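Single chain ahead, written as structure tokens, the form deposited in one PDB entry.
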């Protein structure tokens, strides 16, 4: 029926809005994943270096989209290279990553990253790790762009897949 995948690719306000417009995506929940603390607030993540990455929990209809499809959509809007931000993204708020909750997904993600690397001259730095921890962002952050259309940080979601 449904499957979930966790994606970190920058400000979750934009990523969330992007995925909820895709046909087949059932829900997109903004949150904080794979950090070193429990139940962090936006302030903790942004200022206290808790290690969490702004992440979107994407739930999709397995009858409409495959995990591979979701990943291709992901690669269309994320910067999977070191150019995503200055220096090492390890443990940073806007780092790129795909966090799995099933052992089978790890191979799908690995192969997908390998294929994506084929189209990049620079090395990809996207993390492929299990979902260590995930904490829902404050309610104020959910559907942020639907409530605040001019928020800082689109049509790639309309383009059909291979």
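Only residues modelled in both forms are compared. Positions refer to the first chain, counted from 1. For the two forms, the rigid core is made up of the largest set of C-alpha atoms that agree within 1.5 Å on superposition.
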query: From residue 153 to residue 154, how many deposited residues does the entry skip: none, 1 to 3, 4 to 9, or 10 or more?
result: 1 to 3
Greater mean Cα temperature factor according to the PDB record, 62-70 or 30-38: 62-70
- line: Higher of the two mean Cα B-factors (50-58, 98-106; per PDB record) comes from 98-106
- prompt: If you rank every modelled residue in this chain by C-alpha B factor, which third holds residue 118: lowest, middle or highest?
  reply: highest
message: For the chain shown, is the CA B-factor of residue 16 in the lowest, middle or highest third of its modelled residues?
response: lowest
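The same protein also exists as the form deposited in another entry; that form is not shown, yet it is the one meant from here on.
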query: Superposing on the rigid core, do we see a C-alpha displacement of 2 Å or more at residue 79 between the shown form and the other one?
result: no
task: Check residue 133 against residue 90 at the C-alpha atoms and report closer or farther in the other form, compared with the shown form; the change is 3 Å or more.
output: farther
Closer or farther in the other form: C-alpha pair residue 67, residue 90 (3 angstroms or more): farther
message: At 2 Å or more of Cα shift, core superposed, where are the runs of at least three residues that differ between the shown form and the other one?
response: 82-91
